[PDB]
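See below for the structure under consideration.
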Amino acid sequence: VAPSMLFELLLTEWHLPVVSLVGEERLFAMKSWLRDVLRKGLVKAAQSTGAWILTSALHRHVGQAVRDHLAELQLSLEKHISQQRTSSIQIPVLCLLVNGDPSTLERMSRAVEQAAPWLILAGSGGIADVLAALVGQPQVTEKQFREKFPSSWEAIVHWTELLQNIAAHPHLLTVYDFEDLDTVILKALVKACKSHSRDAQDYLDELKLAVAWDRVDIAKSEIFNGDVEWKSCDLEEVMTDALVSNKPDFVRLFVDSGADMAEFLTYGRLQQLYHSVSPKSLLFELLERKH
């Protein structure tokens with residue numbers, strides 16, 4: 001099944017104008033406290049803009065929570081998704097695993113090969129804890145898998161090989177012990193960006209996200225002071241957006257980042273700014289009359 005068919009069916013038949021779930025399918029589930037944390041988190045992360053939540057539509061208060069707020073196809077759609085759309089070519093591609101399975105190690109390794117970020121929940125207590133302790137673990141790990149998940153030497157060896165191949169790229173692997181979701185989201189995303197390659201354009205997408213979510217302090221602590229040393233011109237465009245967004249602090253960071261307004265601003269830039277004012281604003285009404 002081509003993912004374009006899925007895209008059209010989501011757009012038209014369900015009238016729609018990305019976070020992928022590849023977990024929660026095991027016998028073990030997360031407790032009430034944890035479902036509440038992830039519930040409030042999905043609510044807060046989704047209430048900012050209009051996005052879709054890609055999950056498996058298999059089975060009251062947590063459903064009220066969401067309301068108030070096989071494998072190759074999924075990975076291919078995510079890769080197409082992250083790869084383009086869905087001058088910045090990077091969008092919000094996200095994977096979240098809860099209560100992993102030994103049968104789903106293949107999809108996880110394949111997604112890692114496609115350079116997809118992954119979230120591991122220590123509070124989940126499923127096969128996530130397996131990988132968390134595996135980061136420390138070196139045989140006995142496969143035995144702990146077999147005992148904790150009763151649902152085999154061959155299976156133990158296969159799970160060991162999958163865990164070894166996964167541990168290969170732990171840069172995008174980040175632990176979420178819910179026992180702030182937006183900040184860990186952004187931290188995992190910037191870690192995934194920095195792992196592969198460090199560049200201004202690469203971090204630019206994460207910066208756009210931060211501006212969207214106004215986590216300016218986290219952006220300062222983890223990105224600018226952290227690694228990147230910036231160029232004047234590349235930054236310029238960024239400021240414009242922030243300037244329109246009524247986000248003042250970001251501007252302070254940017255001039256602190258070495259952005260030079262004396263050369264940043266152009267009369268055309270101000271023309272754009274002034275044309276980009278609220279029509280409901282009375283100033284705009286007076287401007288219309290004067291013009």
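Going through the structure tokens in order, the chains are called A, B, and so on, while each chain numbers its residues from 1 and the ligands are numbered from 1 in the order shown.
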
List the neighbours of residue A:69 out to 8 Å using only C-alpha atoms; skip same-chain residues closer than 2 positions along the sequence, and give me the result as a VMD selection string.
chain A and resid 40 42 to 44 46 to 47 65 to 67

Include N, CA, C and O atoms and write out the residues we just selected as a compact mmCIF listing (two decimals), in the first residue's frame.
# COMPACT_ATOMS: atom_id res chain seq x y z
N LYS A 40 -1.61 14.80 29.72
CA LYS A 40 -1.40 16.24 29.79
C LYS A 40 -0.33 16.69 28.80
O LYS A 40 -0.44 17.77 28.21
N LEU A 42 0.58 15.28 25.76
CA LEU A 42 0.03 15.30 24.41
C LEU A 42 -0.95 16.46 24.25
O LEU A 42 -0.97 17.13 23.22
N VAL A 43 -1.76 16.71 25.29
CA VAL A 43 -2.70 17.83 25.24
C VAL A 43 -1.96 19.15 25.06
O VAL A 43 -2.31 19.96 24.19
N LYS A 44 -0.93 19.39 25.88
CA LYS A 44 -0.21 20.66 25.82
C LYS A 44 0.55 20.80 24.52
O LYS A 44 0.62 21.90 23.94
N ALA A 46 -0.21 19.44 21.65
CA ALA A 46 -1.11 19.52 20.51
C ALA A 46 -1.92 20.81 20.50
O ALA A 46 -2.32 21.27 19.43
N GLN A 47 -2.16 21.42 21.66
CA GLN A 47 -3.00 22.61 21.70
C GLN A 47 -2.33 23.83 21.08
O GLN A 47 -3.00 24.86 20.91
N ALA A 65 -9.47 12.32 28.21
CA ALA A 65 -8.27 13.15 28.18
C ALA A 65 -7.89 13.49 26.75
O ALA A 65 -7.69 14.67 26.41
N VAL A 66 -7.79 12.47 25.90
CA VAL A 66 -7.40 12.69 24.51
C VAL A 66 -8.44 13.54 23.79
O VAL A 66 -8.11 14.39 22.97
N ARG A 67 -9.72 13.32 24.12
CA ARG A 67 -10.78 14.10 23.48
C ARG A 67 -10.70 15.57 23.86
O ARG A 67 -10.78 16.45 22.98

Excluding same-chain residues fewer than 6 positions from stretch 140-149 of chain A, what lies within 9 Å of it counting only C-alpha atoms, as a ChimeraX atom specification?
/A:26-28,101-102,126-127,130,133-134,155-160

File dump, residues just selected, N, CA and C atoms, as a PDB file, in the first residue's frame:
ATOM      1  N   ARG A  26       2.358  -3.947  24.039  1.00  0.00           N
ATOM      2  CA  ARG A  26       2.643  -5.141  24.817  1.00  0.00           C
ATOM      3  C   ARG A  26       1.538  -5.402  25.837  1.00  0.00           C
ATOM      4  N   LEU A  27       1.613  -6.576  26.466  1.00  0.00           N
ATOM      5  CA  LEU A  27       0.655  -6.922  27.513  1.00  0.00           C
ATOM      6  C   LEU A  27       0.756  -5.952  28.682  1.00  0.00           C
ATOM      7  N   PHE A  28       1.978  -5.571  29.049  1.00  0.00           N
ATOM      8  CA  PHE A  28       2.172  -4.614  30.127  1.00  0.00           C
ATOM      9  C   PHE A  28       1.850  -3.205  29.645  1.00  0.00           C
ATOM     10  N   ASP A 101       8.168  -4.769  22.347  1.00  0.00           N
ATOM     11  CA  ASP A 101       8.039  -6.206  22.152  1.00  0.00           C
ATOM     12  C   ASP A 101       9.317  -6.748  21.526  1.00  0.00           C
ATOM     13  N   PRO A 102       9.602  -8.050  21.656  1.00  0.00           N
ATOM     14  CA  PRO A 102      10.783  -8.610  20.987  1.00  0.00           C
ATOM     15  C   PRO A 102      10.541  -8.809  19.501  1.00  0.00           C
ATOM     16  N   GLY A 126       7.714  -1.585  30.530  1.00  0.00           N
ATOM     17  CA  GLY A 126       7.634  -2.675  29.579  1.00  0.00           C
ATOM     18  C   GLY A 126       9.013  -3.110  29.129  1.00  0.00           C
ATOM     19  N   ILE A 127       9.207  -3.269  27.821  1.00  0.00           N
ATOM     20  CA  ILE A 127      10.526  -3.576  27.286  1.00  0.00           C
ATOM     21  C   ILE A 127      11.358  -2.316  27.084  1.00  0.00           C
ATOM     22  N   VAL A 130      14.035  -2.612  29.599  1.00  0.00           N
ATOM     23  CA  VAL A 130      15.042  -3.525  29.064  1.00  0.00           C
ATOM     24  C   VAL A 130      16.152  -2.747  28.373  1.00  0.00           C
ATOM     25  N   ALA A 133      18.214  -0.393  30.916  1.00  0.00           N
ATOM     26  CA  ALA A 133      19.237  -1.151  31.626  1.00  0.00           C
ATOM     27  C   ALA A 133      20.252  -1.747  30.659  1.00  0.00           C
ATOM     28  N   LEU A 134      19.850  -1.955  29.404  1.00  0.00           N
ATOM     29  CA  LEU A 134      20.764  -2.473  28.398  1.00  0.00           C
ATOM     30  C   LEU A 134      21.887  -1.495  28.109  1.00  0.00           C
ATOM     31  N   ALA A 155      15.044 -16.967  20.437  1.00  0.00           N
ATOM     32  CA  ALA A 155      14.479 -15.643  20.676  1.00  0.00           C
ATOM     33  C   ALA A 155      15.431 -14.777  21.490  1.00  0.00           C
ATOM     34  N   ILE A 156      16.091 -15.365  22.491  1.00  0.00           N
ATOM     35  CA  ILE A 156      17.045 -14.608  23.294  1.00  0.00           C
ATOM     36  C   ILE A 156      18.193 -14.108  22.428  1.00  0.00           C
ATOM     37  N   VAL A 157      18.707 -14.963  21.541  1.00  0.00           N
ATOM     38  CA  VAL A 157      19.823 -14.568  20.683  1.00  0.00           C
ATOM     39  C   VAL A 157      19.385 -13.503  19.686  1.00  0.00           C
ATOM     40  N   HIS A 158      18.177 -13.643  19.135  1.00  0.00           N
ATOM     41  CA  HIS A 158      17.679 -12.641  18.199  1.00  0.00           C
ATOM     42  C   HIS A 158      17.480 -11.298  18.889  1.00  0.00           C
ATOM     43  N   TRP A 159      16.900 -11.309  20.093  1.00  0.00           N
ATOM     44  CA  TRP A 159      16.710 -10.075  20.842  1.00  0.00           C
ATOM     45  C   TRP A 159      18.047  -9.458  21.233  1.00  0.00           C
ATOM     46  N   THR A 160      19.036 -10.291  21.555  1.00  0.00           N
ATOM     47  CA  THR A 160      20.368  -9.777  21.860  1.00  0.00           C
ATOM     48  C   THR A 160      20.977  -9.093  20.643  1.00  0.00           C
TER      49      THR A 160
END

Residues of stretch 7-33 of chain A that approach stretch 80-99 of chain A to 9 Å or less, counting only C-alpha atoms: could you list each one with the shortest pair of atoms and its distance in Å to one decimal, rows by chain and increasing residue number, as CSV?
residue,atom,partner,partner_atom,distance
A:18,CA,A:93,CA,5.0
A:19,CA,A:94,CA,4.4
A:20,CA,A:95,CA,4.8
A:21,CA,A:96,CA,5.1
A:22,CA,A:97,CA,5.2
A:23,CA,A:97,CA,4.1
A:24,CA,A:98,CA,4.4
A:25,CA,A:99,CA,6.7
A:26,CA,A:99,CA,5.4
A:27,CA,A:99,CA,7.9
A:28,CA,A:99,CA,6.3
A:29,CA,A:99,CA,6.6
A:30,CA,A:99,CA,7.9

Can you pull out the residues contacting residue A:265? Cut-off 12 Å, using only C-alpha atoms, and skip same-chain residues under 2 positions away; I want them as a PyMOL selection string.
chain A and resi 233+236-237+239-240+243+259-263+267-273

Requested write-out: N, CA and C atoms of the selected residues, as a PDB file, in the first residue's frame:
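Result went into again-v2.pdb, see below:
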ATOM      1  N   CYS A 233      24.844  36.625   8.696  1.00  0.00           N
ATOM      2  CA  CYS A 233      23.834  36.660   7.644  1.00  0.00           C
ATOM      3  C   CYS A 233      22.778  35.569   7.793  1.00  0.00           C
ATOM      4  N   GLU A 236      19.952  36.361  10.086  1.00  0.00           N
ATOM      5  CA  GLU A 236      19.098  37.522   9.846  1.00  0.00           C
ATOM      6  C   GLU A 236      17.637  37.128   9.689  1.00  0.00           C
ATOM      7  N   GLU A 237      17.341  36.288   8.695  1.00  0.00           N
ATOM      8  CA  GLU A 237      15.967  35.878   8.431  1.00  0.00           C
ATOM      9  C   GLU A 237      15.257  35.485   9.715  1.00  0.00           C
ATOM     10  N   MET A 239      15.522  36.393  12.838  1.00  0.00           N
ATOM     11  CA  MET A 239      15.055  37.515  13.642  1.00  0.00           C
ATOM     12  C   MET A 239      13.714  38.022  13.139  1.00  0.00           C
ATOM     13  N   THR A 240      13.595  38.198  11.819  1.00  0.00           N
ATOM     14  CA  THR A 240      12.355  38.701  11.240  1.00  0.00           C
ATOM     15  C   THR A 240      11.155  37.972  11.814  1.00  0.00           C
ATOM     16  N   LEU A 243      10.597  38.778  15.325  1.00  0.00           N
ATOM     17  CA  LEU A 243      10.141  40.156  15.449  1.00  0.00           C
ATOM     18  C   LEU A 243       8.643  40.254  15.218  1.00  0.00           C
ATOM     19  N   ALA A 259      23.742  39.109  16.208  1.00  0.00           N
ATOM     20  CA  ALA A 259      22.968  39.709  15.131  1.00  0.00           C
ATOM     21  C   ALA A 259      23.073  41.226  15.200  1.00  0.00           C
ATOM     22  N   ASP A 260      23.373  41.846  14.062  1.00  0.00           N
ATOM     23  CA  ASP A 260      23.579  43.287  13.979  1.00  0.00           C
ATOM     24  C   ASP A 260      22.377  43.921  13.297  1.00  0.00           C
ATOM     25  N   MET A 261      21.533  44.585  14.087  1.00  0.00           N
ATOM     26  CA  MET A 261      20.347  45.232  13.535  1.00  0.00           C
ATOM     27  C   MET A 261      20.724  46.289  12.511  1.00  0.00           C
ATOM     28  N   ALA A 262      21.827  47.001  12.752  1.00  0.00           N
ATOM     29  CA  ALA A 262      22.279  48.075  11.875  1.00  0.00           C
ATOM     30  C   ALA A 262      22.423  47.591  10.440  1.00  0.00           C
ATOM     31  N   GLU A 263      22.743  46.320  10.270  1.00  0.00           N
ATOM     32  CA  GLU A 263      22.777  45.724   8.946  1.00  0.00           C
ATOM     33  C   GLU A 263      21.656  44.727   8.723  1.00  0.00           C
ATOM     34  N   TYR A 267      14.715  48.934   4.821  1.00  0.00           N
ATOM     35  CA  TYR A 267      13.430  49.608   4.679  1.00  0.00           C
ATOM     36  C   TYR A 267      12.375  48.652   4.144  1.00  0.00           C
ATOM     37  N   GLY A 268      12.784  47.711   3.296  1.00  0.00           N
ATOM     38  CA  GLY A 268      11.860  46.680   2.861  1.00  0.00           C
ATOM     39  C   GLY A 268      11.451  45.759   3.993  1.00  0.00           C
ATOM     40  N   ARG A 269      12.385  45.450   4.892  1.00  0.00           N
ATOM     41  CA  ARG A 269      12.037  44.629   6.043  1.00  0.00           C
ATOM     42  C   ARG A 269      10.985  45.317   6.896  1.00  0.00           C
ATOM     43  N   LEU A 270      11.157  46.615   7.141  1.00  0.00           N
ATOM     44  CA  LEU A 270      10.149  47.354   7.889  1.00  0.00           C
ATOM     45  C   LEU A 270       8.841  47.427   7.118  1.00  0.00           C
ATOM     46  N   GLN A 271       8.920  47.531   5.793  1.00  0.00           N
ATOM     47  CA  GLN A 271       7.711  47.522   4.981  1.00  0.00           C
ATOM     48  C   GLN A 271       6.942  46.230   5.189  1.00  0.00           C
ATOM     49  N   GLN A 272       7.658  45.106   5.168  1.00  0.00           N
ATOM     50  CA  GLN A 272       7.039  43.818   5.447  1.00  0.00           C
ATOM     51  C   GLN A 272       6.424  43.794   6.836  1.00  0.00           C
ATOM     52  N   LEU A 273       7.180  44.245   7.836  1.00  0.00           N
ATOM     53  CA  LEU A 273       6.686  44.239   9.207  1.00  0.00           C
ATOM     54  C   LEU A 273       5.383  45.012   9.318  1.00  0.00           C
TER      55      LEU A 273
END

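Across the model, the gap from atom CA of residue A:161 to atom CA of residue A:75 is 20.4 Å.
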
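Between atom CA of residue A:219 and atom CA of residue A:198 there is a distance of 15.4 Å.
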
Neighbour list for residue A:16 as a list in words, cut-off 12 Å, only C-alpha atoms, skip fewer than 5 positions in-chain:
residues 6, 7, 8, 9, 10, 11, 50, 51, 52 and 53 of chain A

Neighbours of residue A:184 within 10 Å (only C-alpha atoms; same-chain residues fewer than 3 positions away dropped), as an MDAnalysis selection string?
chainID A and resid 119 174:176 180:181 187:190 218

Those residues you just picked out, can you put them in a file as a PDB file, in the first residue's frame with N, CA, C and O atoms?
ATOM      1  N   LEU A 119      12.063   7.757  21.673  1.00  0.00           N
ATOM      2  CA  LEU A 119      11.859   8.083  23.073  1.00  0.00           C
ATOM      3  C   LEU A 119      11.661   6.798  23.861  1.00  0.00           C
ATOM      4  O   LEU A 119      10.852   5.947  23.475  1.00  0.00           O
ATOM      5  N   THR A 174      16.722   8.722  24.154  1.00  0.00           N
ATOM      6  CA  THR A 174      16.638   9.550  25.349  1.00  0.00           C
ATOM      7  C   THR A 174      15.564   9.010  26.280  1.00  0.00           C
ATOM      8  O   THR A 174      14.484   8.613  25.833  1.00  0.00           O
ATOM      9  N   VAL A 175      15.859   9.028  27.576  1.00  0.00           N
ATOM     10  CA  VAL A 175      14.995   8.444  28.595  1.00  0.00           C
ATOM     11  C   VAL A 175      14.003   9.495  29.069  1.00  0.00           C
ATOM     12  O   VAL A 175      14.373  10.653  29.299  1.00  0.00           O
ATOM     13  N   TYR A 176      12.739   9.099  29.202  1.00  0.00           N
ATOM     14  CA  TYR A 176      11.697   9.958  29.746  1.00  0.00           C
ATOM     15  C   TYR A 176      11.085   9.282  30.964  1.00  0.00           C
ATOM     16  O   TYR A 176      10.236   8.395  30.825  1.00  0.00           O
ATOM     17  N   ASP A 180       8.635  17.926  32.554  1.00  0.00           N
ATOM     18  CA  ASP A 180       8.249  18.721  31.394  1.00  0.00           C
ATOM     19  C   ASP A 180       8.440  17.935  30.100  1.00  0.00           C
ATOM     20  O   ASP A 180       9.554  17.533  29.765  1.00  0.00           O
ATOM     21  N   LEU A 181       7.346  17.723  29.377  1.00  0.00           N
ATOM     22  CA  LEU A 181       7.388  16.987  28.119  1.00  0.00           C
ATOM     23  C   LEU A 181       7.909  17.832  26.964  1.00  0.00           C
ATOM     24  O   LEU A 181       8.667  17.327  26.130  1.00  0.00           O
ATOM     25  N   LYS A 187      14.865  18.687  23.656  1.00  0.00           N
ATOM     26  CA  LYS A 187      16.209  18.200  23.939  1.00  0.00           C
ATOM     27  C   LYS A 187      16.532  16.975  23.102  1.00  0.00           C
ATOM     28  O   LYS A 187      17.626  16.867  22.538  1.00  0.00           O
ATOM     29  N   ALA A 188      15.589  16.039  23.004  1.00  0.00           N
ATOM     30  CA  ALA A 188      15.789  14.881  22.144  1.00  0.00           C
ATOM     31  C   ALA A 188      15.968  15.304  20.695  1.00  0.00           C
ATOM     32  O   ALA A 188      16.809  14.750  19.979  1.00  0.00           O
ATOM     33  N   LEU A 189      15.198  16.296  20.248  1.00  0.00           N
ATOM     34  CA  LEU A 189      15.296  16.719  18.856  1.00  0.00           C
ATOM     35  C   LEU A 189      16.640  17.368  18.564  1.00  0.00           C
ATOM     36  O   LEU A 189      17.268  17.079  17.537  1.00  0.00           O
ATOM     37  N   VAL A 190      17.109  18.241  19.457  1.00  0.00           N
ATOM     38  CA  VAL A 190      18.400  18.876  19.225  1.00  0.00           C
ATOM     39  C   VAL A 190      19.524  17.858  19.351  1.00  0.00           C
ATOM     40  O   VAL A 190      20.527  17.945  18.634  1.00  0.00           O
ATOM     41  N   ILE A 218      15.703  27.189  27.365  1.00  0.00           N
ATOM     42  CA  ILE A 218      16.266  25.897  26.991  1.00  0.00           C
ATOM     43  C   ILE A 218      17.117  26.037  25.738  1.00  0.00           C
ATOM     44  O   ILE A 218      18.211  25.466  25.643  1.00  0.00           O
TER      45      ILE A 218
END

Determine which residues of stretch 76-204 of chain A DSSP labels as alpha helix (DSSP H) from the backbone of this structure, then write them out as a ChimeraX atom specification.
/A:76-83,105-113,128-136,140-148,153-166,181-196,200-204

Determine the nearest neighbour of residue A:170 from the options A:117, A:63, A:138, A:123, counting only C-alpha atoms.
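Using only C-alpha atoms, residue A:170 sits closest to A:117.
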
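Using only C-alpha atoms, the shortest contact distance between residue A:33 and any of A:154, A:177, A:72, A:113 is found at A:177.
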
With only C-alpha atoms as the basis for distance, which of A:106, A:13, A:229, A:68 is at the shortest distance from residue A:163?
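Comparing A:106, A:13, A:229, A:68 against residue A:163, the winner is A:106.
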
Using only C-alpha atoms for the distances, tell me which of A:167, A:253, A:209, A:277 is nearest to residue A:49.
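Distance minimum relative to residue A:49 lands on A:209.
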
Pull the strand (DSSP E or B) assignments for stretch 78-202 of chain A out of DSSP run on the backbone, and list those residues as a ChimeraX atom specification.
/A:94-97,118-120,173-175

At what distance in Å, to one decimal, does atom CA of residue A:284 lie from atom CA of residue A:250?
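Separation between atom CA of residue A:250 and atom CA of residue A:284: 25.4 Å.
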
Quick one: of A:173, A:223, A:131, A:73, who's nearest to residue A:210, counting only C-alpha atoms?
A:223

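You can rank A:112, A:79, A:64, A:129 by their closest distance to residue A:100 using only C-alpha atoms, and at the top of that list sits A:129.
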
Give me the residues near residue A:228 as an mmCIF file with N, CA and C atoms, in the first residue's frame, where near means some atom within 8 Å (using only C-alpha atoms) and where sequence neighbours in that chain fewer than 2 positions away do not count.
data_model
loop_
_atom_site.group_PDB
_atom_site.id
_atom_site.type_symbol
_atom_site.label_atom_id
_atom_site.label_comp_id
_atom_site.auth_asym_id
_atom_site.auth_seq_id
_atom_site.Cartn_x
_atom_site.Cartn_y
_atom_site.Cartn_z
ATOM 1 N N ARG A 198 26.696 18.694 12.753
ATOM 2 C CA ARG A 198 26.578 20.015 13.358
ATOM 3 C C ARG A 198 26.693 21.068 12.266
ATOM 4 N N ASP A 199 25.660 21.896 12.132
ATOM 5 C CA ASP A 199 25.687 23.004 11.188
ATOM 6 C C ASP A 199 24.593 23.993 11.556
ATOM 7 N N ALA A 200 24.770 25.227 11.082
ATOM 8 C CA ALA A 200 23.794 26.277 11.342
ATOM 9 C C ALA A 200 22.437 25.931 10.744
ATOM 10 N N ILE A 223 21.839 25.048 23.141
ATOM 11 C CA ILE A 223 22.211 25.153 21.733
ATOM 12 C C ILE A 223 23.285 26.207 21.517
ATOM 13 N N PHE A 224 22.962 27.463 21.819
ATOM 14 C CA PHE A 224 23.869 28.550 21.474
ATOM 15 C C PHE A 224 25.122 28.507 22.331
ATOM 16 N N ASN A 225 24.956 28.593 23.648
ATOM 17 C CA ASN A 225 26.103 28.467 24.537
ATOM 18 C C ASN A 225 26.703 27.071 24.458
ATOM 19 N N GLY A 226 25.905 26.079 24.063
ATOM 20 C CA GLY A 226 26.395 24.713 24.077
ATOM 21 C C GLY A 226 27.479 24.458 23.048
ATOM 22 N N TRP A 230 27.989 31.163 15.570
ATOM 23 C CA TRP A 230 27.046 31.565 14.540
ATOM 24 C C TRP A 230 27.641 32.535 13.530
#
